[PDB]
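Mind having a look at this structure? Questions to follow.
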Amino acid sequence: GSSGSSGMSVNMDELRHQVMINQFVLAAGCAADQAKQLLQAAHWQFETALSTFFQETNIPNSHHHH
C-alpha cells in the first residue's frame, strides 16, 4: 500500500549501462557484445558477471539430486 515516489531527477540509466559494458569489456578484455549478454545474463551484476566470467571453466559443482 502507498507507493513510494519513483522518479526524482535525470538518471544516467543507459549511460551507466553503456559505460559498464565497455568497462566490463575493458576490465576483462572480451567482445563488447559479450558484456551486454553477460551483464544482462548477470542481472547487470558486474561484480558477479566479472567474477563468473573470469572463472568460467570452474563452477561450484555440487548438485543435490532430489
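Can you give the translational diffusion coefficient of the chain in µm²/s, computed by Stokes-Einstein from the Kirkwood radius over Cα pairs at 4 °C and 1.567 mPa s?
Answer from the Stokes-Einstein relation: 93 µm²/s.
Go ahead and estimate [θ] at 222 nm for the chain from helices alone: -39,500 (n - 2.57) per DSSP H run with n ≥ 4, summed, over the residue count, rounded to 500. Write down the numbers at each step before the final one.
Values: 3 runs with 34 residues, N = 66.
Roughly -15500 deg cm²/dmol at 222 nm, from the helical runs in the chain.
Every number in this text was worked out from the coordinates using simple rules, so none of it is lab data.
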